[PDB]
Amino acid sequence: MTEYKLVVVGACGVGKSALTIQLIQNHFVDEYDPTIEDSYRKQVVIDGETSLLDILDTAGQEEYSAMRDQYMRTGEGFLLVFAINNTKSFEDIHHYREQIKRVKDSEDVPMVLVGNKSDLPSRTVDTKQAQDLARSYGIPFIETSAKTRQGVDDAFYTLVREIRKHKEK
């Protein structure tokens, strides 16, 4: 089977860990230690084809690291996560994409825009803004809630679809 390195990126508190733990362990974690950066394995069937996923849940400090760069370069696809009640995290999306392209020689890197915390009524980022941003980048946009599990499989599955499309090229 094919094996892909996925990387979950985005600002502190957007739900990177909650999304990943939901996918792997099927429960919602409310106070996940923000210093733990770990990877998880999962075998999945998507569009009738099995892939092994190696998923890195990023953390660390707001700092440049040449070693982090090295790890990020090995990623084959990225989830760009923001929270719909956090305008800063949405503004940050552009900068995460800039860093991904930087470390991967400006390749047309497989990416999915993820609007997490879609269960909350406290929205500050309009869906149209997110759709327009994904459109400009030529990437899918998926709305998720790690809390309710809405769209969690979809977000990761869609990223695998993007990697598959890219590796045909």
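Each residue number is its position in the shown sequence, starting from 1.
Chemist: Between 21-29 and 8-16, which has the higher average C-alpha B-factor in the PDB entry?
Modeler: Per the PDB record, 21-29.
Chemist: Using only C-alpha atoms and the B-factors in the entry, which stretch averages higher, 83-91 or 69-77?
Modeler: According to the entry, 69-77 carries the higher average C-alpha B-factor.
Chemist: Taking the Cα B-factors listed in the entry, which of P110, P34, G115, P140 comes out highest?
Modeler: That would be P34, according to the entry.
Chemist: Could you check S136, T144, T58, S106 and tell me which one carries the biggest Cα B-factor in the deposited entry?
Modeler: In the PDB entry, the greatest C-alpha B-factor among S136, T144, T58, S106 is found at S106.
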